[PDB]
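A.B. asks: Sharing a structure below in structure tokens format, with a few things to ask.
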Amino acid sequence: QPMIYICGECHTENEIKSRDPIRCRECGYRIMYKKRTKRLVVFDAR
Amino acid sequence: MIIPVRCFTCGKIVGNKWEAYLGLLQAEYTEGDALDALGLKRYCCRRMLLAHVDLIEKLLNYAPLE
Amino acid sequence: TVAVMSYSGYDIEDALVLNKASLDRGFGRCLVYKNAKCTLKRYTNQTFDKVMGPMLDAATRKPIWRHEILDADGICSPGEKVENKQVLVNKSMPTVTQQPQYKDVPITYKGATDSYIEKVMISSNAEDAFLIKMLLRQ
Amino acid sequence: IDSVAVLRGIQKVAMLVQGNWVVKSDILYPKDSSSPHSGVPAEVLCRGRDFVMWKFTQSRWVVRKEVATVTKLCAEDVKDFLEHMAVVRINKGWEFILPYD
Amino acid sequence: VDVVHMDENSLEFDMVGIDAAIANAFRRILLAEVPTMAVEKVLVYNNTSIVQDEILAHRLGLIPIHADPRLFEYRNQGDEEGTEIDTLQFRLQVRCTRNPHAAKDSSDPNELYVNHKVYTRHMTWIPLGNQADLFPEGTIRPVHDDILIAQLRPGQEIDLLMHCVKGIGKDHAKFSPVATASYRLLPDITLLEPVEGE
Amino acid sequence: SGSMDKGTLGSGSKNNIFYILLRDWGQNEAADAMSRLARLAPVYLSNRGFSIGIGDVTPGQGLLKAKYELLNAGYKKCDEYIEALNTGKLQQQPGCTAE
Ligand SMILES: [Zn+2]
Ligand SMILES: [Zn+2]
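Chains as they are written, first to last, in the numbering used here: chain P, 2 to 47; chain Y, 3 to 68; chain F, 11 to 148; chain C, 1158 to 1258; chain U, 161 to 358; chain H, 7 to 105.
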């Protein structure tokens, strides 16, 4: 349920639900990446 | 980025020769002996391995990991 | 593999005839990457831009079509395909010019053809501005 | 030069192998160096060099196809390290670049 | 008709007394109008590799499938699911992880990692309906067993689902069953004067 | 008689058979014949074959001997006029300086 963002430098889940300034929990890196969607996407093999 | 599965000009499956081709070049074959040993008679197949650049082996360092 | 010859008359002035089977196997296959970026700022007054969640259809328990690809944070999710007139970031801003009242200002994918989202970048500047960059693929 | 005493200096930086001098390991890489090339990174392992130059001391050359499996490290290390001292002949590894003085 | 050579995957034969206007028809049918089974739909769950999904789907299309195309019908217009009569299914699922033991030099990928290379042998056939009895085990497989598709690093994952259907090579070039099909007329080099000496 | 060149089927000038058709039989007849030529000539040429190669611009032995003679003769005639300017008489052509 809570949104999970993936740290750029160390690939660690941070769960930034609260309106805090963006910052990694384990390291000082300040860039976050969203995880891939759960829903399926269909591609034509062409 | 990564070796194409089929030769553009004729459709021979050259996409499985790549891990062999690099191996034979460790045994110090020349390029023209290595392609002949894999069965690439026509030169359109030969340029698939001869002109390839293995970019994915180097992009995967920068790529994120645990 | 070039044959230098005159074929089919569709090659009169610098035009060149390609092979269908070569194109299918991957000759000339290319990727176009485009950006989309959004900034959420904190004003001089203690008020802020915000991203609202997806607006659900009450009748069907699914988001409205214009919001179909939004994740629960109101930012589009990597992997999904965007189509024309669909929102990427559900931004709302204060019309301050007593409680806040917000006008919707969504970042929307204008483009004649469908694009896929590869990654979404979230970072913040020292002024408490939130920066979002989307990478799009065709 | 004082061309007799100075060998106690030269012994610390070069050692004679196959009629010629060869650079010692500690001059090129101390034990925290990163990979010098692109591709997959690797850690320094100086005995992974010293074993190769040891084989040149006992045998005529390094003479077999797949020494990179025995010493486990990358072919991109061994075939690059060798390339500063030798030239390739077909199948039998490398040729020592200068004659047996 | 004289068959002069034949082995696995290759054949050479002579046709005598037929004209170019009919021999070229046989060449063109083999390229474009003999049908085969090839992947058209890929349903992707959690692709986290560096290989783009549209590129991965293109690669998986070009893998030749050993299924005999005479036993399957054409899938109708629309009909996204398909059935036992007219589709096969494959499941590719690979997770890459670190090797729990490794030498201290740790230089080479083939020791550090497991499943860092995806190969077409990871494709598992998933039977629909009574197909599991009609086909003995190993008949429905990818042919080559060594084609690289992607290439991974630890933490990265590929999980997908393929739908092979029937089609001719005039539609798309992943349906053509031939490496190359061609012919040549036979030479008769003749000596007009006797050539002796050096 | 005669083959069809640019001067008879092309855009350069008159004496063009499509220009004759235009001036003698009307606009529609000229436009039809052009559409027929645009349709017919690709079907011939693509099944005749027509190609250029490095062997179409390679100088044969009959030229390489001729070219060597021309260069030696032409350079030596220039070298004599060089000598006639700096250190002698040069027949100065009317209206121009000696250089
Ligand atoms: Zn971090
Ligand atoms: Zn080929």
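For every residue, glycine included, the Cβ atom is placed at its ideal position computed from N, Cα and C.
If residue 67/Y and residue 255/U are in contact, beta carbons under 8 angstroms, what's the gap, nearest whole angstrom?
C.D. replies: Locating residue 67/Y in the second sequence gives position 65, counting from the first residue. Locating residue 255/U in the fifth sequence gives position 95, counting from the first residue. Not quite, the Cβ-Cβ distance comes to about 13 angstroms (not below 8 angstroms), so this is no contact.
A.B. asks: Identify, in the order they occur along the chain, each residue of the same chain with its Cβ nearer than 8 angstroms to the Cβ of residue 28/H, setting aside the five sequence neighbours on each side.
C.D. replies: Taking the sixth sequence and counting its residues from 1, one reaches residue 28/H at position 22. Only 35, 36 meet the Cβ criterion.
A.B. asks: Do the segment 336-343 of chain U and the segment 189-202 of chain U make contact, defined as three or more Cβ pairs closer than 8 angstroms?
C.D. replies: Counting Cβ pairs under 8 angstroms, three or more are found: they touch.
A.B. asks: With a threshold of 9 angstroms between beta-carbons, can residue 66/Y be considered close to chain P, or not?
C.D. replies: As a working note, residue 66/Y is residue 64 in the second sequence. True, the Cβ-Cβ gap to chain P drops below 9 angstroms.
A.B. asks: Where do the N-terminal and C-terminal ends of the beta strand (DSSP E) with residue 279/U fall, by residue?
C.D. replies: Numbered from 1 along the fifth sequence, position 119 holds the residue referred to as residue 279/U. Unbroken beta strand (DSSP E) run through residue 279/U: 277-279.
A.B. asks: Taking only beta-carbon positions, decide if residue 222/U is within less than 9 angstroms of chain F.
C.D. replies: The residue labelled residue 222/U in the question sits at position 62 within the fifth sequence. Answer yes: the Cβ-Cβ gap between residue 222/U and chain F drops below 9 angstroms somewhere.
A.B. asks: Using the rule of at least 16 other Cβ atoms within 10 Å of the residue's Cβ for burial, across every protein chain shown, is residue 67/H buried or exposed?
C.D. replies: On the sixth sequence, residue 67/H is found 61 positions in, with the first residue counted as 1. Exposed, by the Cβ-count rule.
A.B. asks: For the alpha helix (DSSP H) containing residue 40/H, name the first residue and the last one.
C.D. replies: Working through the sixth sequence from its first residue, we reach residue 40/H at position 34. Per DSSP, residue 40/H belongs to the alpha helix (DSSP H) from 33-54.
A.B. asks: Can you find at least 3 beta carbon pairs, one from the segment 1247-1255 of chain C and one from the segment 1218-1227 of chain C, that sit closer than 8 angstroms?
C.D. replies: Judged by Cβ distances under 8 angstroms, the segment 1247-1255 of chain C makes contact with the segment 1218-1227 of chain C, as three or more pairs qualify.
A.B. asks: In chain F, which residues lie less than 9 angstroms from residue 292/U when you measure between Cβ atoms?
C.D. replies: Within the fifth sequence, numbered from 1, the residue matching residue 292/U stands at position 132. The contacting residues do not exist; residue 292/U stays about 32 angstroms from chain F at best.
A.B. asks: Out of curiosity, what's the CA-to-CA distance linking residue 1236/C and residue 29/Y?
C.D. replies: Counting from 1 along the fourth sequence, the entry for residue 1236/C is found at position 79. Counting from 1 along the second sequence, the entry for residue 29/Y is found at position 27. Roughly 11 angstroms between the two C-alpha positions.
A.B. asks: What do you reckon, is the C-beta of residue 118/F under 8 angstroms from a heavy atom of ligand 4?
C.D. replies: Of the ligands one can find in the structure shown, namely ligand 1 and ligand 2, none is ligand 4.
A.B. asks: Taking 8 angstroms as the cut-off, is the beta-carbon of residue 13/Y closer than that to any non-hydrogen atom of ligand 2?
C.D. replies: As a position in the second sequence, residue 13/Y is number 11, starting the count at 1. Within the cutoff, so yes.
A.B. asks: Against chain Y, with Cβ distances strictly below 9 angstroms, would residue 7/P count as a contact?
C.D. replies: Residue mapping note: residue 7/P aligns to position 6 of the first sequence, counting from 1. Yes - at least one Cβ of chain Y is within 9 angstroms of the one on residue 7/P.
A.B. asks: Can you find the residues in the same chain that come closer than 8 angstroms, C-beta to C-beta, to residue 1203/C, ignoring five residues on each side of it along the sequence?
C.D. replies: Sequence index remark: in the fourth sequence, residue 1203/C carries index 46 (1-based). Once the five neighbours on either side are set aside, the close Cβ partners of residue 1203/C are 1182, 1183, 1186, 1188.
A.B. asks: Does the beta carbon of residue 38/F sit closer than 9 angstroms to a beta carbon anywhere in chain U?
C.D. replies: Counted from its first residue, the third sequence places residue 38/F at position 28. With 9 angstroms as the cut-off, residue 38/F does not count as an interface residue toward chain U.
A.B. asks: Are any of the Cβ atoms in chain F nearer than 9 angstroms to that of residue 214/U?
C.D. replies: Position 54 of the fifth sequence, counting from 1, holds the residue named residue 214/U. Output row for residue 214/U: interface = yes.
A.B. asks: Can the beta-carbon of residue 88/H be found less than 9 angstroms from the beta-carbon of residue 14/F?
C.D. replies: Residue 88/H sits at position 82 when you count from the first residue of the sixth sequence. Residue 14/F sits at position 4 when you count from the first residue of the third sequence. No.
A.B. asks: Give the DSSP bridge partners of residue 201/U, in chain order.
C.D. replies: Residue numbering aside, residue 201/U sits at position 41 when the fifth sequence is read from its first letter. Residue 201/U pairs with 45/P, 323/U.
A.B. asks: Less than 9 angstroms between the beta carbons of residue 210/U and residue 62/Y, yes or no?
C.D. replies: Counted from its first residue, the fifth sequence places residue 210/U at position 50. Counted from its first residue, the second sequence places residue 62/Y at position 60. It is a contact, given that the beta carbons lie within the stated cut-off.
A.B. asks: Got a sec: is the Cβ-Cβ distance from residue 47/P to anything in chain F below 9 angstroms?
C.D. replies: Numbered from its first residue, the first sequence carries residue 47/P at position 46. Closer than 9 angstroms: yes.
A.B. asks: Quick check on residue 113/F: buried or exposed, where buried means 16 or more other Cβ atoms within 10 Å of its Cβ?
C.D. replies: Residue numbering aside, residue 113/F sits at position 103 when the third sequence is read from its first letter. By the neighbour-count rule (16 or more Cβ atoms within 10 Å), residue 113/F is not buried but exposed.
A.B. asks: Would the beta-carbon of residue 30/P be found less than 8 angstroms away from any heavy atom of ligand 1?
C.D. replies: Here residue 30/P refers to the residue found at position 29 when the first sequence is read from its first residue. At least one heavy atom of ligand 1 is nearer than 8 angstroms to the Cβ of residue 30/P, so yes.
A.B. asks: What do you reckon, is the C-beta of residue 315/U under 8 angstroms from a heavy atom of ligand 1?
C.D. replies: Translated into positions along the fifth sequence, residue 315/U becomes position 155. No, the beta carbon of residue 315/U sits no closer than 8 angstroms to any heavy atom of ligand 1.
A.B. asks: Out of curiosity, what's the CA-to-CA distance linking residue 308/U and residue 7/Y?
C.D. replies: Here residue 308/U refers to the residue found at position 148 when the fifth sequence is read from its first residue. Here residue 7/Y refers to the residue found at position 5 when the second sequence is read from its first residue. Cα to Cα, the separation comes out at about 8 angstroms.
A.B. asks: Find the nearest neighbour of residue 220/U within the set 357/U, 327/U, 302/U, 175/U, judged by alpha-carbon distance.
C.D. replies: For the purposes of this step, residue 220/U is identified with residue 60 of the fifth sequence, where counting begins at 1. Cα-wise, what sits closest to residue 220/U is 302/U.
A.B. asks: Ordered along the chain, which non-local residues of its own chain (more than five positions away) have a Cβ less than 8 angstroms from that of residue 1170/C?
C.D. replies: Residue numbering aside, residue 1170/C sits at position 13 when the fourth sequence is read from its first letter. Excluding sequence neighbours, residue 1170/C sits near 1180, 1181, 1184.
A.B. asks: Throw me the rounded Cβ distance for the residue 48/Y and residue 12/Y pair, which I believe falls under 8 angstroms.
C.D. replies: What you label residue 48/Y is simply residue 46 of the second sequence in a count that begins at 1. What you label residue 12/Y is simply residue 10 of the second sequence in a count that begins at 1. Their Cβ separation, rounded to whole angstroms, is 11 angstroms, which puts residue 48/Y and residue 12/Y out of contact at 8 angstroms.
A.B. asks: Using a Cβ-Cβ distance under 9 angstroms, would residue 269/U count as near chain C?
C.D. replies: Locating residue 269/U in the fifth sequence gives position 109, where the first residue counts as 1. It does; some Cβ of chain C falls within 9 angstroms.
A.B. asks: Check each residue of the segment 21-43 of chain P: if its Cβ is closer than 7 angstroms to any Cβ of chain U, include it; give the result in chain order.
C.D. replies: Taking 7 angstroms as the Cβ-Cβ cut-off against chain U, the residues of the segment 21-43 of chain P that qualify are 37, 41, 42, 43.
A.B. asks: Residues of chain C with a CB under 7 angstroms from the CB of residue 29/Y: which are they?
C.D. replies: Taking the second sequence and counting its residues from 1, the one referred to as residue 29/Y is at position 27. The contacting residues are 1222, 1248.
A.B. asks: May I ask you to list the residues that DSSP assigns as paired with residue 290/U?
C.D. replies: Locating residue 290/U in the fifth sequence gives position 130, counting from the first residue. DSSP output for residue 290/U lists no bridge partner at all.
A.B. asks: Spatial neighbours of residue 16/H within its chain, please: C-beta separation below 8 angstroms, excluding the five flanking residues on both sides.
C.D. replies: Locating residue 16/H in the sixth sequence gives position 10, counting from the first residue. The answer, listed in chain order, is 22.
A.B. asks: Only counting runs of 3 or more residues, tell me where the beta strand (DSSP E) segments fall wholly within the segment 41-90 of chain F, in order along the chain.
C.D. replies: Fully enclosed beta strand (DSSP E) runs of 3 or longer: 43-50.
A.B. asks: Does the contact criterion of 3 or more C-beta pairs under 8 angstroms hold for the segment 265-276 of chain U versus the segment 3-20 of chain P?
C.D. replies: They do not touch, by the three-pair rule.
A.B. asks: To the nearest angstrom, how far is the alpha carbon of residue 100/H from that of residue 7/H?
C.D. replies: Locating residue 100/H in the sixth sequence gives position 94, counting from the first residue. Locating residue 7/H in the sixth sequence gives position 1, counting from the first residue. Taking the straight line joining both Cα atoms gives about 51 angstroms.
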